[PDB]
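Only one chain is included here, represented as C-alpha coordinates and corresponding to the form deposited in one PDB entry.
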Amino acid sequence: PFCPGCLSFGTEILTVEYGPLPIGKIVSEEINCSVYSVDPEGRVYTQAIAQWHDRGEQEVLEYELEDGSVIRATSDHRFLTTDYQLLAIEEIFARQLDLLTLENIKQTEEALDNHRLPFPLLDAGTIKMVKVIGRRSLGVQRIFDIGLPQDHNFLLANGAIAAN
(Lines give C-alpha, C1' and ligand atoms only; values in the text may rest on other atoms or scores of the structure.)
Protein backbone atom coordinates (compact mmCIF):
# COMPACT_ATOMS: atom_id res chain seq x y z
CA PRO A 1 0.00 0.00 0.00
CA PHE A 2 0.90 3.67 -0.43
CA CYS A 3 2.82 5.06 2.55
CA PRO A 4 1.99 8.71 3.33
CA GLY A 5 5.00 9.26 5.54
CA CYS A 6 7.98 7.09 4.71
CA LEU A 7 11.72 7.69 4.39
CA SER A 8 14.47 6.56 2.02
CA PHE A 9 16.73 3.67 3.00
CA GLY A 10 19.68 5.98 3.61
CA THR A 11 17.84 8.51 5.78
CA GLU A 12 19.85 8.59 9.00
CA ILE A 13 18.05 8.51 12.33
CA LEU A 14 20.04 9.76 15.32
CA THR A 15 19.86 6.67 17.52
CA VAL A 16 20.78 6.93 21.19
CA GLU A 17 22.88 3.77 21.45
CA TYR A 18 24.55 3.75 18.03
CA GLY A 19 24.45 7.29 16.71
CA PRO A 20 23.39 8.05 13.09
CA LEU A 21 22.04 4.92 11.37
CA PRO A 22 20.12 4.57 8.09
CA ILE A 23 16.49 3.70 8.69
CA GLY A 24 16.81 1.02 6.02
CA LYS A 25 19.38 -0.80 8.15
CA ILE A 26 17.39 -0.34 11.37
CA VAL A 27 14.34 -1.88 9.68
CA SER A 28 16.14 -4.60 7.70
CA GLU A 29 17.75 -5.91 10.88
CA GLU A 30 14.95 -4.91 13.27
CA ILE A 31 17.55 -3.15 15.37
CA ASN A 32 16.42 -2.54 18.93
CA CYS A 33 17.51 0.96 19.88
CA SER A 34 16.15 4.27 21.12
CA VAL A 35 15.51 7.47 19.20
CA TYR A 36 15.04 11.05 20.37
CA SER A 37 11.39 12.11 20.24
CA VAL A 38 9.29 15.14 21.20
CA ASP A 39 6.26 14.79 23.47
CA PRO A 40 3.05 16.88 23.26
CA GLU A 41 4.59 19.27 25.80
CA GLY A 42 7.63 20.03 23.67
CA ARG A 43 10.18 18.02 25.63
CA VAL A 44 12.75 15.74 24.02
CA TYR A 45 12.97 12.24 25.47
CA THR A 46 14.42 8.87 24.47
CA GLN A 47 12.06 6.26 23.08
CA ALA A 48 12.67 2.61 22.19
CA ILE A 49 11.51 1.48 18.73
CA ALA A 50 8.49 -0.84 18.94
CA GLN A 51 8.01 -1.91 15.31
CA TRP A 52 9.87 -1.86 11.97
CA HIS A 53 8.24 -1.23 8.60
CA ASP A 54 9.57 -2.03 5.12
CA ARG A 55 6.83 -0.42 3.04
CA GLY A 56 8.15 -1.55 -0.35
CA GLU A 57 8.80 1.04 -3.05
CA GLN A 58 7.25 4.39 -3.90
CA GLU A 59 8.23 7.79 -5.25
CA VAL A 60 10.73 9.48 -2.95
CA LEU A 61 11.67 13.12 -3.35
CA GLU A 62 14.67 14.99 -2.07
CA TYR A 63 13.69 18.19 -0.30
CA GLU A 64 16.54 20.64 0.25
CA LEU A 65 16.45 23.05 3.19
CA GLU A 66 17.93 26.54 3.59
CA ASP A 67 20.91 25.19 5.52
CA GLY A 68 21.82 22.70 2.82
CA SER A 69 20.51 19.66 4.68
CA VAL A 70 18.28 17.30 2.73
CA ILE A 71 15.27 15.13 3.45
CA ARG A 72 14.58 12.14 1.20
CA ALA A 73 10.98 11.21 1.87
CA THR A 74 7.47 10.76 0.54
CA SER A 75 5.71 14.09 -0.13
CA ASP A 76 3.20 13.65 2.70
CA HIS A 77 5.82 12.88 5.36
CA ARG A 78 5.17 15.25 8.25
CA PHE A 79 7.86 17.30 10.00
CA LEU A 80 7.86 19.60 13.02
CA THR A 81 7.54 23.31 12.16
CA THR A 82 8.71 26.27 14.24
CA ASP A 83 5.16 26.99 15.37
CA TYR A 84 5.02 23.37 16.52
CA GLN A 85 2.70 21.88 13.91
CA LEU A 86 3.28 18.48 12.30
CA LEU A 87 2.82 19.20 8.59
CA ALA A 88 3.58 17.36 5.35
CA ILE A 89 6.97 18.41 3.96
CA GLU A 90 5.33 19.32 0.64
CA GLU A 91 2.93 21.58 2.57
CA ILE A 92 5.80 23.17 4.48
CA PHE A 93 7.43 23.86 1.10
CA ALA A 94 4.29 25.28 -0.56
CA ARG A 95 3.54 27.47 2.47
CA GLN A 96 7.17 28.47 3.00
CA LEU A 97 6.97 27.67 6.69
CA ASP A 98 10.05 26.98 8.79
CA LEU A 99 11.06 23.54 10.00
CA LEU A 100 12.24 23.45 13.61
CA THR A 101 15.65 21.78 13.51
CA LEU A 102 18.72 21.39 15.68
CA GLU A 103 22.08 22.17 14.11
CA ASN A 104 25.68 21.33 15.00
CA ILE A 105 24.50 17.97 16.35
CA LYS A 106 27.15 15.52 17.49
CA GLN A 107 27.07 12.63 15.01
CA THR A 108 27.65 9.91 17.60
CA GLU A 109 25.83 7.81 20.17
CA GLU A 110 24.33 9.76 23.08
CA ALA A 111 24.22 12.96 20.99
CA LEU A 112 22.17 14.55 23.79
CA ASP A 113 22.67 14.27 27.57
CA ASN A 114 20.65 11.19 28.46
CA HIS A 115 20.86 12.11 32.16
CA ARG A 116 19.08 15.43 31.69
CA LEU A 117 16.28 14.09 29.48
CA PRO A 118 13.38 14.76 29.29
CA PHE A 119 14.28 18.37 28.47
CA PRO A 120 12.61 21.13 26.39
CA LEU A 121 13.46 20.78 22.70
CA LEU A 122 13.96 24.51 22.19
CA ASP A 123 16.58 24.45 24.96
CA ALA A 124 18.14 21.07 24.11
CA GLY A 125 20.60 22.49 21.60
CA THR A 126 21.23 25.05 18.88
CA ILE A 127 17.90 25.69 17.17
CA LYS A 128 17.94 26.39 13.44
CA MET A 129 14.73 27.47 11.72
CA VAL A 130 14.88 26.72 8.00
CA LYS A 131 12.53 26.74 5.03
CA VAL A 132 12.42 24.22 2.19
CA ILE A 133 14.10 25.78 -0.86
CA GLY A 134 13.57 23.02 -3.41
CA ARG A 135 12.33 19.58 -4.33
CA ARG A 136 13.43 17.01 -6.90
CA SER A 137 12.08 13.53 -7.47
CA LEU A 138 14.38 10.55 -7.03
CA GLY A 139 11.86 8.35 -8.79
CA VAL A 140 10.68 5.04 -7.35
CA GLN A 141 12.82 3.97 -4.38
CA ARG A 142 12.53 1.73 -1.31
CA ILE A 143 10.65 3.31 1.61
CA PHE A 144 10.66 2.74 5.37
CA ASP A 145 9.08 3.71 8.68
CA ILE A 146 9.20 2.66 12.32
CA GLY A 147 6.68 2.36 15.11
CA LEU A 148 7.08 3.95 18.53
CA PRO A 149 5.24 3.25 21.83
CA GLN A 150 4.27 6.87 22.58
CA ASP A 151 4.86 9.59 19.98
CA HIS A 152 5.50 8.68 16.33
CA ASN A 153 8.32 11.11 15.70
CA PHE A 154 12.08 11.14 15.89
CA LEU A 155 15.17 13.26 15.41
CA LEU A 156 17.05 12.76 12.15
CA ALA A 157 20.84 12.98 12.13
CA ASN A 158 20.51 16.28 10.24
CA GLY A 159 18.46 17.90 13.00
CA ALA A 160 14.95 17.71 11.54
CA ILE A 161 12.13 16.03 13.46
CA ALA A 162 10.27 13.47 11.33
CA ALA A 163 6.68 12.91 12.48
CA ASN A 164 5.23 10.07 10.31
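Residue indices: 1-based, along the sequence shown. So that the term is clear: the rigid core is the largest set of C-alpha atoms that superpose within 1.5 Å between two forms.
- For the pair 36 to 44 and 109 to 117, the mean B factor over Cα atoms is greater in 109 to 117.
- For the pair 61 to 69 and 119 to 127, the mean B factor over Cα atoms is greater in 119 to 127.
- Of all the options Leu97, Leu102, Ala50, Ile26, the entry's greatest CA B-factor is assigned to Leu102.
- When the modelled residues of the chain are ordered by C-alpha B-factor, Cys3 sits in the highest third.
- In the PDB entry, a CA B factor belonging to the highest third of its chain's modelled residues is recorded for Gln150.
- Among all modelled residues in this chain, the alpha-carbon of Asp83 has a temperature factor (C-alpha) in the highest third.
- The entry lists a Cα temperature factor for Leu138 that places it in the highest third of the chain's modelled residues.
The next section is about a form of this same protein that is not shown, the form deposited in another entry.
- For the residues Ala111, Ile26, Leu100, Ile49, superposed on the rigid core between the shown form and the other one, a C-alpha shift of 2 angstroms or more shows up only at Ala111.
- Put the two forms on the same core and the Cα of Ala124 is off by 2 Å or more between the shown form and the other one.
- Distance between the C-alpha atoms of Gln85 and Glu109: shorter in the other entry than here (change of 3 Å or more).
- The gap between the Cα atoms of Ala111 and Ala50 is larger in the other entry, by no less than 3 Å, than in this form.
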